[PDB]
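Shown next as structure tokens: one chain only, the form deposited in one PDB entry.
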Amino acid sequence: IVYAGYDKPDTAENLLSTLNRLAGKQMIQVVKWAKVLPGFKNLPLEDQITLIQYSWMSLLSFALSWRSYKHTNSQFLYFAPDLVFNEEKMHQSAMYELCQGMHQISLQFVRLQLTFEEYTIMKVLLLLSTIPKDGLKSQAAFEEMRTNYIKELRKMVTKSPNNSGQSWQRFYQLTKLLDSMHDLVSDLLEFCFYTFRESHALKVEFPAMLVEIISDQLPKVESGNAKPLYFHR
């Protein structure tokens, strides 16, 4: 459970700095989770780093949707126990739009009554959702791992008695939800890349973990060396 330490005047700059500090602390937890994941643990170090650098925002967004769903029935974005709000608190158009988009994903968790077991496998699929344009160092090992997790989700959904009569439709709704994460996450990253580059002028602070990740991720994304993987596109 990572706390935000939400202080200072309520400005967009100060809120973003608080969220970035929080995102850096959450990222320490994400790396520890990824490190012991079956299959991933076996990938070469450069590939493990590549995958986390492309999908960090997707992993944080999906975890935010889960917290929001579990703690507020997706009425608010539950960033931390001390930082809970939705788009209604946003005065700037872009920030309102990004919160509203995140709110809509969390509402899909309510629509589906997403289970913790589904969430756990789907989170792994997001870690494996973007690769380099020319693939990874161990592209075959990665492809086997990704296929195995897709099959794990499919089997869990279709075999569950809670889904009888509509399990294949549910599996396709879950994979459509994973595809919809690409659109939202691209928008969040565009905002993040902007505040990162304009950090001094905007007064938006970033912790060392994020400075290092964004510095490696941004040239990849800018050069078109980012291949998103879709289930339905």
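Residue indices: 1-based, along the sequence shown.
Keep in mind the form solved in complex with a small molecule is missing from the figure; the text below concerns it.
*Asks:* Please state whether every one of the three residues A34, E117 and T120 places a non-hydrogen atom within 4.5 angstroms of the small molecule in the entry with it bound.
*Replies:* No, none of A34, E117 and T120 comes within 4.5 Å of the small molecule in the entry with it bound.
*Asks:* Please pick, from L126, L98, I131, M145, the one residue with any non-hydrogen atom lying within 4.5 angstroms of the small molecule in the entry with it bound.
*Replies:* Looking at the other structure, the residue within range turns out to be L98.
*Asks:* Taking 4.5 angstroms as the cut-off for heavy atoms, does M209 touch the small molecule in the entry with it bound?
*Replies:* Outside the cut-off, so no.
*Asks:* Is there a heavy atom of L218 lying 4.5 Å or less from a heavy atom of the small molecule in the entry with it bound?
*Replies:* No - in the entry with it bound, heavy atoms of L218 and the small molecule never come within 4.5 Å of each other.
*Asks:* Within 4.5 Å, heavy atoms only: does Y194 come near the small molecule in the entry with it bound?
*Replies:* Yes, contact at 4.5 Å.
*Asks:* Is it the case that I213, even though its partner is missing from this view, gets within 4.5 Å of the small molecule in the entry with it bound, heavy atoms only?
*Replies:* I213 lies outside the contact set for the small molecule.
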